[PDB]
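Asker: Take a look at this one; I'll ask things after.
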Amino acid sequence: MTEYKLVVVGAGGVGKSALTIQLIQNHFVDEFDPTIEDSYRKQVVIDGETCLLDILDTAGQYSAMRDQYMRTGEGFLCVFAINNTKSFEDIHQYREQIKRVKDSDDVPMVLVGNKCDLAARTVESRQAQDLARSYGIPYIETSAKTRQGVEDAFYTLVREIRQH
Ligand SMILES: Nc1nc2c(ncn2[C@@H]2O[C@H](COP(=O)(O)OP(=O)(O)NP(=O)(O)O)[C@@H](O)[C@H]2O)c(=O)[nH]1
Ligand SMILES: [Ca+2]
Ligand SMILES: [Mg+2]
């Protein structure tokens, strides 16, 4: 069937692994031993259509391996956490690097603000909505913990790949 290659990127500790596992296994894991991090495949139904998601959950930081997953990846979730200002400031660098390897300022992407279940917010929604608008991509707030917005974020990325 149709297979969509999705890649999850962003700074250390924003929730890349928890987000991926929440989508794949429908629960919240508190910690991961990066015995690779790596790749998962899932059959899902999106807009009536059944299809295959191949999701790579990346490390925060081999240049050729990084460039390699950026080049083969079809869509990207760019994750920060709403309680970590530094993670939001790093977003620019992840997006720039993807655009530079793919040779396109039109790569399918969704800006993800994770940990929205938390009280100690340091990044306002309006700031992140502005950044996303500046890139011309959607913004979605998520919580891997409560599952808020998780399906929306991944499913929106797939649609962005189709609408490309
Ligand atoms: N409150 C809350 N905590 C979360 C959420 N998502 C992840 N966490 C917690 O935040 C920490 C980071 O999660 P993790 O998935 O390991 O992050 P990561 O981005 O994969 N880190 P790394 O880049 O080092 O692989 C973990 O302690 C996890 O339990 C969320 O939505 N809400
Ligand atoms: Ca280039
Ligand atoms: Mg991880």
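Lettering and numbering for the structure tokens are positional, with chains as A, B, ... in the shown order, residues counted from 1 in each chain, and ligands counted from 1 in the shown order.
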Mind dumping a table of every chain A residue within 6 Å of ligand 2, with the nearest atom pair and its distance in Å to one decimal, using only C-alpha atoms and all ligand atoms, sorted by chain and rising number, as JSON lines?
Answerer:
{"residue": "A:100", "atom": "CA", "partner": "ligand 2", "partner_atom_place_in_ligand_line": "1 (Ca)", "distance": 3.9}
{"residue": "A:101", "atom": "CA", "partner": "ligand 2", "partner_atom_place_in_ligand_line": "1 (Ca)", "distance": 4.9}
{"residue": "A:103", "atom": "CA", "partner": "ligand 2", "partner_atom_place_in_ligand_line": "1 (Ca)", "distance": 4.5}
Asker: Keeping only N, CA and C atoms, take the residues you just selected and write them out as a compact mmCIF listing (two decimals), in the first residue's frame.
Answerer:
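The resulting again-v2.txt:
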# COMPACT_ATOMS: atom_id res chain seq x y z
N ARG A 100 18.18 22.24 3.84
CA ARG A 100 19.48 22.17 3.15
C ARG A 100 19.85 20.79 2.58
N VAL A 101 19.44 19.72 3.24
CA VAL A 101 19.71 18.40 2.68
C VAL A 101 18.69 18.03 1.58
N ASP A 103 17.04 20.16 -0.32
CA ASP A 103 17.07 21.16 -1.39
C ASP A 103 15.67 21.67 -1.72
Asker: Give me the chain A side of the contact with ligand 3, cut-off 12 Å, one line per residue showing its nearest atom pair and distance in Å at one decimal, counting only C-alpha atoms and all ligand atoms, sorted by chain and residue number, as CSV.
Answerer:
residue,atom,partner,partner_atom_place_in_ligand_line,distance
A:8,CA,ligand 3,1 (Mg),9.6
A:9,CA,ligand 3,1 (Mg),9.5
A:10,CA,ligand 3,1 (Mg),9.7
A:11,CA,ligand 3,1 (Mg),9.5
A:12,CA,ligand 3,1 (Mg),7.4
A:13,CA,ligand 3,1 (Mg),7.1
A:14,CA,ligand 3,1 (Mg),8.6
A:15,CA,ligand 3,1 (Mg),6.9
A:16,CA,ligand 3,1 (Mg),5.4
A:17,CA,ligand 3,1 (Mg),4.2
A:18,CA,ligand 3,1 (Mg),7.4
A:19,CA,ligand 3,1 (Mg),9.3
A:20,CA,ligand 3,1 (Mg),9.0
A:21,CA,ligand 3,1 (Mg),10.0
A:29,CA,ligand 3,1 (Mg),10.7
A:30,CA,ligand 3,1 (Mg),10.8
A:31,CA,ligand 3,1 (Mg),8.4
A:32,CA,ligand 3,1 (Mg),6.5
A:33,CA,ligand 3,1 (Mg),8.1
A:34,CA,ligand 3,1 (Mg),6.5
A:35,CA,ligand 3,1 (Mg),9.8
A:36,CA,ligand 3,1 (Mg),9.0
A:37,CA,ligand 3,1 (Mg),5.9
A:38,CA,ligand 3,1 (Mg),8.8
A:39,CA,ligand 3,1 (Mg),11.4
A:56,CA,ligand 3,1 (Mg),10.4
A:57,CA,ligand 3,1 (Mg),6.7
A:58,CA,ligand 3,1 (Mg),6.7
A:59,CA,ligand 3,1 (Mg),5.9
A:60,CA,ligand 3,1 (Mg),7.5
A:61,CA,ligand 3,1 (Mg),10.5
A:79,CA,ligand 3,1 (Mg),11.6
Asker: Could those residues be written to a file, using N, CA and C atoms, as a compact mmCIF listing (two decimals), in the first residue's frame?
Answerer:
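The file below, result-v2.txt, is the result:
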# COMPACT_ATOMS: atom_id res chain seq x y z
N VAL A 8 10.89 12.10 13.23
CA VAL A 8 10.66 12.97 14.38
C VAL A 8 11.97 13.56 14.84
N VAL A 9 12.06 14.89 14.83
CA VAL A 9 13.29 15.58 15.20
C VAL A 9 13.04 16.66 16.26
N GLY A 10 14.12 17.10 16.90
CA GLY A 10 14.06 18.13 17.92
C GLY A 10 15.04 17.88 19.05
N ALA A 11 15.17 18.87 19.93
CA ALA A 11 16.18 18.86 20.98
C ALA A 11 16.01 17.74 22.00
N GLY A 12 17.09 17.42 22.70
CA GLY A 12 17.04 16.43 23.77
C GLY A 12 15.93 16.71 24.78
N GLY A 13 15.14 15.67 25.07
CA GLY A 13 14.16 15.69 26.13
C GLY A 13 12.84 16.42 25.88
N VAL A 14 12.53 16.73 24.63
CA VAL A 14 11.25 17.36 24.28
C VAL A 14 10.09 16.36 24.19
N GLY A 15 10.39 15.08 24.03
CA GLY A 15 9.36 14.05 24.01
C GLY A 15 9.24 13.31 22.68
N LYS A 16 10.34 13.24 21.94
CA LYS A 16 10.32 12.59 20.64
C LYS A 16 9.97 11.13 20.81
N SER A 17 10.57 10.46 21.78
CA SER A 17 10.36 9.03 21.87
C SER A 17 8.99 8.72 22.44
N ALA A 18 8.58 9.48 23.46
CA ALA A 18 7.27 9.30 24.07
C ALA A 18 6.16 9.56 23.09
N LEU A 19 6.35 10.55 22.22
CA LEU A 19 5.37 10.89 21.20
C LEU A 19 5.22 9.76 20.19
N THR A 20 6.35 9.24 19.72
CA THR A 20 6.35 8.15 18.76
C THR A 20 5.70 6.88 19.32
N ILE A 21 6.09 6.49 20.53
CA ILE A 21 5.53 5.32 21.20
C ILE A 21 4.04 5.49 21.54
N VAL A 29 5.27 6.07 27.77
CA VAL A 29 6.46 5.53 28.42
C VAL A 29 7.21 6.67 29.08
N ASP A 30 7.63 6.47 30.32
CA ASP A 30 8.27 7.53 31.10
C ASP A 30 9.72 7.74 30.69
N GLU A 31 10.43 6.66 30.40
CA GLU A 31 11.81 6.79 29.97
C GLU A 31 12.15 5.74 28.91
N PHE A 32 13.19 6.03 28.12
CA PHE A 32 13.71 5.09 27.14
C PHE A 32 15.21 4.92 27.29
N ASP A 33 15.68 3.67 27.23
CA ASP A 33 17.11 3.45 27.04
C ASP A 33 17.37 3.49 25.54
N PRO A 34 18.13 4.51 25.08
CA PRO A 34 18.44 4.64 23.66
C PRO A 34 19.31 3.49 23.19
N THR A 35 18.81 2.28 23.36
CA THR A 35 19.38 1.13 22.71
C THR A 35 18.97 1.25 21.24
N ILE A 36 19.42 2.36 20.64
CA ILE A 36 19.24 2.70 19.22
C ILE A 36 18.23 3.83 18.96
N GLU A 37 17.17 3.88 19.76
CA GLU A 37 16.04 4.77 19.47
C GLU A 37 15.24 4.15 18.32
N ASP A 38 15.44 4.65 17.10
CA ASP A 38 15.13 3.92 15.85
C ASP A 38 13.71 3.93 15.23
N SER A 39 13.37 2.84 14.54
CA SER A 39 12.30 2.83 13.54
C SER A 39 11.11 1.92 13.87
N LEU A 56 10.64 7.20 12.08
CA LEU A 56 11.97 7.21 12.67
C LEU A 56 12.00 8.22 13.81
N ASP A 57 12.34 7.74 15.00
CA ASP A 57 12.45 8.59 16.16
C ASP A 57 13.94 8.91 16.36
N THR A 58 14.34 10.15 16.08
CA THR A 58 15.78 10.48 16.04
C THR A 58 16.37 10.93 17.36
N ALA A 59 17.69 10.97 17.40
CA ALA A 59 18.42 11.49 18.55
C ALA A 59 18.48 13.00 18.46
N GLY A 60 18.52 13.67 19.61
CA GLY A 60 18.67 15.12 19.65
C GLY A 60 19.84 15.59 18.81
N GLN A 61 21.00 14.97 19.00
CA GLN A 61 22.18 15.28 18.20
C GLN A 61 22.99 14.02 17.91
N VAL A 79 9.67 18.96 16.83
CA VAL A 79 9.14 19.00 18.20
C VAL A 79 9.96 19.91 19.11
Asker: Got a sec: who's within 12 Å of residue 116 (chain A), counting only C-alpha atoms, leaving out chain neighbours fewer than 3 positions off, as JSON, numbers by chain?
Answerer: {"A": [14, 15, 79, 80, 81, 82, 83, 84, 112, 113, 119, 120, 121, 122, 123, 124, 125, 140, 141, 142, 143, 144, 145, 146, 147, 148, 149, 150]}
Asker: In Å, with one decimal, what is the gap from CA of residue 51 (chain A) to CA of residue 98 (chain A)?
Answerer: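 Distance between the two atoms: 24.5 Å.
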Asker: Using DSSP on the backbone, list every residue of chain A that comes out as strand (DSSP E or B), and give them as a VMD selection string.
Answerer: chain A and resid 3 to 9 38 to 46 49 to 57 75 to 81 109 to 114 139 to 141
Asker: To one decimal in Å, tell me the separation between CA of residue 70 (chain A) and CA of residue 127 (chain A).
Answerer: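 Result for CA of residue 70 (chain A) versus CA of residue 127 (chain A): 25.9 Å, one decimal.
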Asker: Which residues, written as a ChimeraX atom specification, have at least one atom at most 12 Å from region 157-163 of chain A, with only C-alpha atoms counted and residues fewer than 3 positions away on the same chain left out?
Answerer: /A:2-8,44-47,49-55,73-78,106-112,136-140,150-154
